[PDB]
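Student: part one of the assembly, not moved from where it sits:
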Amino acid sequence: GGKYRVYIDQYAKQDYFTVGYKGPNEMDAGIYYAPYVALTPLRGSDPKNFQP
């Protein structure tokens, strides 16, 4: 209707919908996801055999 952003949960198990609110702010969000560290790569090798 030009009002609700509709998203498809491609892994839904049965059949349902959830209506929710999100404001212009981040504090006004219901649930928070607050990344501190993300996808930090770690690298080395096992020196015994040098495989990465």
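Tutor: Sure thing, it's come through. Numbering: from 1, shown residues only, chains lettered A, B, ... in the order given.
Student: how near is residue A:44 to residue A:50?
Tutor: Counting by Cβ to Cβ, to the nearest Å, the gap from residue A:44 to residue A:50 is 10 Å. Using the backbone N, CA and C atoms, a C-beta is placed for each residue, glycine as well.
Student: hey, what's in contact with both of the two?
Tutor: Residues touching both residue A:44 and residue A:50 (Cβ atoms under 8 Å, 6 or more residues apart in numbering): there are none.
Student: phi, psi for residue A:51 please.
Tutor: phi -70, psi 130 (degrees, to the nearest 10).
Student: here's chain B, add it to the model above:
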Amino acid sequence: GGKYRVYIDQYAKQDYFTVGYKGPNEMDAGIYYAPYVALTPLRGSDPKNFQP
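Tutor: Below is chain B, added to the chains above:
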């Protein structure tokens, strides 16, 4: 004689010679040496004592 390419087997086991044929077209080889990976260096150190 201007005809045979003579090489010295610096590690010959007894005392002999081998006469062989090698054509201008490498397919006319008898035996083929076909390198794929040439001396890839590996590096590392063991973190328990840090020796390289």
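Student: show me what from chain A comes close to chain B.
Tutor: A:45-48, A:50 (Cβ under 8 Å from any Cβ of the partner chain).
Student: chain neighbours aside, what residue packs nearest to residue A:52?
Tutor: In this structure, residue A:52 finds its nearest non-sequential neighbour in residue A:45, 4.9 Å apart by Cβ to Cβ, 6 or more residues apart in numbering or on different chains.
Student: what's the answer for residue A:26, then?
Tutor: In space, and not counting its chain neighbours, residue A:26 is closest to residue A:32: 7.6 Å by Cβ to Cβ, 6+ apart.
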